[PDB]
Every structure is written in structure tokens, then in C-alpha cells.
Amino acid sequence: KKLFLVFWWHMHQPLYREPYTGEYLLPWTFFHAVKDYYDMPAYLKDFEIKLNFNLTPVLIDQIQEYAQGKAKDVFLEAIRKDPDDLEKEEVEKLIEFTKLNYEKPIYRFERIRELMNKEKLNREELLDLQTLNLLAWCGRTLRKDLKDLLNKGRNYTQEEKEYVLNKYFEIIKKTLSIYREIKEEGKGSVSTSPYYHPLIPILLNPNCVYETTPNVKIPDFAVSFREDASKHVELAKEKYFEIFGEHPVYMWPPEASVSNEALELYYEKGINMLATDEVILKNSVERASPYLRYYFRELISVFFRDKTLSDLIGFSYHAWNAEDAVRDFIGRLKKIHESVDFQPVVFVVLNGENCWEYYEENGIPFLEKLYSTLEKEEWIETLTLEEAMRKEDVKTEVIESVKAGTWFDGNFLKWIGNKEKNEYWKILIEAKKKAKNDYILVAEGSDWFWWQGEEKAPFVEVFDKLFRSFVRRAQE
């Protein structure tokens, strides 16, 4: 009797490319590509397990632009330039980026503490600031290849910085190839999401928010977004087809968000399986175990992720010693394995790129320990999404209805319902009345709605500029 374990790492970035200037206004796609988007599947070169990945189409677009050398990234230019060539504004951007990342373990360089305590930085000090910002985001592969430059920790030259930059772009250029390879070799399945990561249930029926939060205020949805919901799905199928040669059979619904209407739409567009959140299951069925394969109306297969295990990795274990965290995770799997008569299916689903910057050494001790341990536990079998979808010796259940929601507490309050988030929806609704091109789809991404109210969110002025620029461009 085995326990079936399914990792599904979700990779996504909103479009940071300003449509009028073509400039990438934030470097987050660059830094997560060099740190995470190649290196997370690249663990499969060293560990004999299965790991699955979701890539959103808008992320794939940006990875391609960087790999082709076409991305004009404003923060990266401030890093690349000889400090003598820096604008005052670029020096300011470098310093503020450092300040906003200073406390993360991946920024744990003595030289950074030195530089940030200096009243004034000369050329050699700025060169170190530039190069250490680059190296702070170094991924697992290049942390070994560039270990000597990392251990320097200071006194970098322009040549050395340029060497690191070239190696970083090599990693980006190999990134889509590694997803194809692990897919073709059967080491993992690759899924995608509706194109710009929107909240499909709201686009189909904004009143679905009242299924869980009756007291929320929402704006007057005076236009229909139902066709756009279809377009997000169809365009995502086409993008995946371009990259991998086949249409996608699995999708990750953004924010784990489902509803009866959304599940019907995924079915109608030919999607065979998705996953969503355990809280949705609890809200939808009086007594239900998350370790079964569910069939929604016999139309589409649904797995509900194990929220505790997913949250332990995403939120908890950065604060633990790495062996203890792995011991805790395996011990929880042991309890699941011993608690049921059948073979349970355990979905661990979370973002694959955002938690590691808070772990010691970029989560590498944790993941190397975890994967090394997993491959040696005879009673755990890790599965691709394909294997989980088709596995015969598991328990199944049919369900007829779900209560619409997301993995945020089973509801939509992270993106709608306060005065400021609703203002953005009003802007989008009014722009949709006059939209003439697919930039209105870009503006429907969930990324433009989560930060309104999150005191503590860095660069919200840039997100506001991007959203409003996409909305204006959509009407031309």
C-alpha cells in the first residue's frame, strides 16, 4: 500500500512590460527566471522523483523575450552599467531595491550591510552593490558553478559582473528547453493557466462572490466578461501548443479559483483535470477527504490540494532547520499513510518561486534534503499529473456542485470588496465597454487587484502604472 504524492509548482508573473515604451518596469521576471524557473525543474536532473509544473502563458511570453535579448529591463540596466555611467535616478533605484530586499536570507552578505550603512558610495562600492544584487538571486545551478565569485562577497569588477550576467542569460535561454525535456522524459507533467491569470469565476459571474461572503460590496458589472473568460482559456491552449506541440490536458486555475460555471468552461474547452483548494472542498461537501480523485459531474477530474502540507512549505519551513522540516513533512505523510485503508493521493500545490528567498541558502538545503529523502522512502510514490489523473488503484468520488472561491480562505476578498480594489474593477468595467484589443485581457489578471490594502506591498505605484497603461492601451 503506497501513498501517492503529487507536487505541482505554480510559476507565474504578470506582464511587467509597459506597452507604450516596451520597458519592463520591475525585474521580477528576470530574477525569478535566473533563480527559480530553470532551477526548480532542474532538481529532476539530480533526484529520481516526479515533480509537476504550471507555467502561465504571460510568464512564458516574458521568458521568451528575455531569452531572445529583446527585454528592455530598467532595473537590470542599472545593474549592468559601469557605475560611472549611472543616472542619479538609477543609483536611487539600486539602493531602494536593496533596501526592500535587505532582510531576506538570500541578501545575507556582509558587504551589503557595509554598503547600506555608508553615507556615500564610490564607483567600487556601487559595483559591489550591483553585483551583489545580481548574486543574491543566484539559482542552485550557478551557485555551484560560480561558488568562487559568491564567496568573494566584495571587490567585484565590471568584467566579473558581466560574466555573471552572461551566465544568467544562458540559464534563461535554457529554461523552456528544460520544461520540454522533463515532460518528454516523463519526469513531470507541465500545465498552464488561462492566459493572464484572471479570476475566471468572477469573469463568468461576478455574483459568485456571494456564495461565501454575503456582506461584501462589489461594483456594478455593467459589461459581460464571459467571452473574455473563454478567450483566456483558448489563448492559453494555443500558447502551450506553440511551446510543447500538444494542447494542454491539465490546467491550474488561478488562485485555485473554481465555481460551477468555471468548471463547466474548463470542461467545454477540453481540459481533463485541474486542482483547487481544500477549503473549497470543505465548503462544498459535508464530509469529504482530500485524498480521493473527484469527478465534477463526470465531466472533469478535480483534486483538492492538502492545504496543511502546501502551507508548511510555502509559509512555515523557512523558519525551521532543514532536517527538522523534512522530518516533520515525512512524519505527516506517515500519519496519512497509516490512517487510511486505500492508497491516498496527496496534492502539494503552491507557487514554485516565491518562498525560497526566505529560506536559508535559497531553500537548497531544504529541497535537497526533502527530495533525497523522498526518493528513498519505498512507501511513497511521487506521480506526474498524468499518472495521478489515470491511476487506477485510488479512491474516487463524484461531486455535483462547488461553492465558488479561491485558496484565500475559500473566498474572493483578496481581490474585490474593499473601496480601493472595487475602484480598480470599476476602471476595468468602464474600459471594457470601449476595449478594442487584447490588452483588456492583460488588465483582467488577478495581479492588479491583490495589493490594494496590503499595507507593506513594495512598488505598488508600478503595479498601478502598469494596470492603468494596459487599460488605456486596450482602448486604442
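All residue numbers refer to positions in the sequence shown, first residue = 1.
Taking the PDB entry as given, 212-220 carries the higher mean Cα B factor of the two stretches 154-162 and 212-220. As recorded in the PDB entry, 235-243 is the stretch of 307-315 and 235-243 with the greater mean C-alpha temperature factor.
As recorded in the entry, 99 carries the highest CA temperature factor of 197, 99, 282, 269. Highest CA B-factor among 145, 400, 261, 228, as stated in the entry: 145. In the PDB entry, a CA B factor belonging to the lowest third of its chain's modelled residues is recorded for residue 35.
Compared with the other modelled residues of the chain, the Cα B-factor recorded for residue 450 ranks in the highest third.
Among the modelled residues of its chain, residue 60 has a C-alpha B-factor that falls in the lowest third according to the deposited record. Among all modelled residues in this chain, the alpha-carbon of residue 463 has a temperature factor (C-alpha) in the middle third. Residue 139 sits in the lowest third of its chain by CA B factor, as recorded in the PDB entry.
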